[PDB]
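Heads up, the chain below is alone and in the form deposited in one PDB entry; it's given as structure tokens.
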């Protein structure tokens, strides 16, 4: 038999900045959003779901400097918490 499913579900997008705005990149150190995401992933994947981690990445950008940006979570259809359970 056939069953219905939602056409769009279980998505989460994480963008480097808000709409209209630039995102920064160092020529030897790499992009700040990318480096920050890795750092938070390495630290928090064990204890936090990806949505929580993404919020924490955002919080790390809260205090603006000369090169400011605010990473944005977009089009979220996660119905459950996504834990990475690293090591498992």
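Take the two forms, find the largest set of C-alpha atoms that superpose within 1.5 Å, and that set is the rigid core. Positions refer to the first chain, counted from 1.
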| query | finding |
| --- | --- |
| Mean Cα B-factor comparison, 21 to 29 or 70 to 78, giving the higher one as deposited | 21 to 29 |
| Mean temperature factor over C-alpha atoms, higher-scoring stretch between 57 to 65 and 30 to 38 | 57 to 65 |
| Chain-relative CA temperature factor third for residue 84 | middle |
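Unshown form deposited in another entry; subsequent notes refer to it.
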item: Did residue 14 shift 2 Å or more between this form and the one not shown, C-alpha, core superposed; value: no
item: Core-aligned C-alpha movement of residue 23 between this form and the one not shown reaching 2 Å; value: yes
item: Shift in CA distance, residue 19 and residue 30, in the other entry relative to the form shown here, given it is 3 Å or more; value: closer
item: CA-CA separation of residue 21 and residue 30, closer or farther in the other entry than in the form shown [shift of 3 angstroms or more]; value: closer
